[PDB]
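Peer 1: Here is my input; please provide its structure:
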Amino acid sequence: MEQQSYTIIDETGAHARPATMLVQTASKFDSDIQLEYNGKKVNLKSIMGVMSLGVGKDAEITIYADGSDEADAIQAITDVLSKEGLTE
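Peer 2: Numbering: from 1, shown residues only. For reference, the structure is listed below:
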């Protein structure tokens, strides 16, 4: 398991669509990624927290990937998260 605290760059308000791509991304990994953002911790492939994620600029979000491919999930997660603007 590894943590990734990300400093979001989006100020628009997260936008659920990018996060839905995160959903499908996390869905296809062995590892389960938890998204921890100030009270909101959720299975990242599950919208039960992610869809209402109130991240904006100062929001530092922490990802926890636990799996047989966790570090790999992390390295992919960072790429997609920066593509999706939930981190620099």
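Peer 1: mind listing the strands for the chain?
Peer 2: Listed in chain order, the strands of the chain (DSSP state E) span 2-7, 32-37, 40-43, 60-66.
Peer 1: Quick check: which of the ones you listed has the most neighbours on average?
Peer 2: When you average the neighbours per residue for each of those (mean count of other C-beta atoms under 10 Å), strand 32-37 leads with a mean of 21. For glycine as for every other residue, the C-beta is placed from the backbone atoms N, C-alpha and C.
Peer 1: what's it packed up against?
Peer 2: strand 40-43, strand 60-66 (3 or more C-beta pairs under 8 Å, 6 or more residues apart in numbering; DSSP states H and E).
Peer 1: Next one: the nearest residue to residue 16 once chain neighbours are set aside relative to residue 2, how far apart?
Peer 2: Nearest residue to residue 16, sequence neighbours excluded (C-beta to C-beta, 6 or more residues apart in numbering): residue 51, at 5.4 Å. Taking C-beta to C-beta, to the nearest Å as the measure, residue 51 falls 24 Å from residue 2.
Peer 1: coming back round to it: rebuild the helices and strands packed on strand 32-37 as CSV, extending it with distance to residue 82.
Peer 2: Shown next, in CSV, are those (distance: least, C-beta to C-beta, whole Å):
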stretch, distance to residue 82
strand 40-43, 20
strand 60-66, 12
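Peer 1: Which one, of the ones you listed, ends up nearest to residue 15?
Peer 2: Closest to residue 15 of the helices and strands packed on strand 32-37 is strand 60-66 (C-beta to C-beta; 14.1 Å).
Peer 1: Residue 71: how many residues sit nearby?
Peer 2: Using other C-beta atoms under 10 Å, residue 71 has 12 other residues around it.
Peer 1: Just list the residues touching it, thanks.
Peer 2: Each residue near residue 71 by C-beta atoms under 8 Å, 6 or more residues apart in numbering is listed here: 2, 65.
Peer 1: the inter-axis angle of the longest helix that the chain contains versus strand 60-66?
Peer 2: The longest helix of the chain (DSSP state H) is helix 70-83. Angle between the axes of helix 70-83 and strand 60-66 is 150 degrees (criterion: axes from the mean of the first three to the mean of the last three C-alpha atoms, to 10 degrees).
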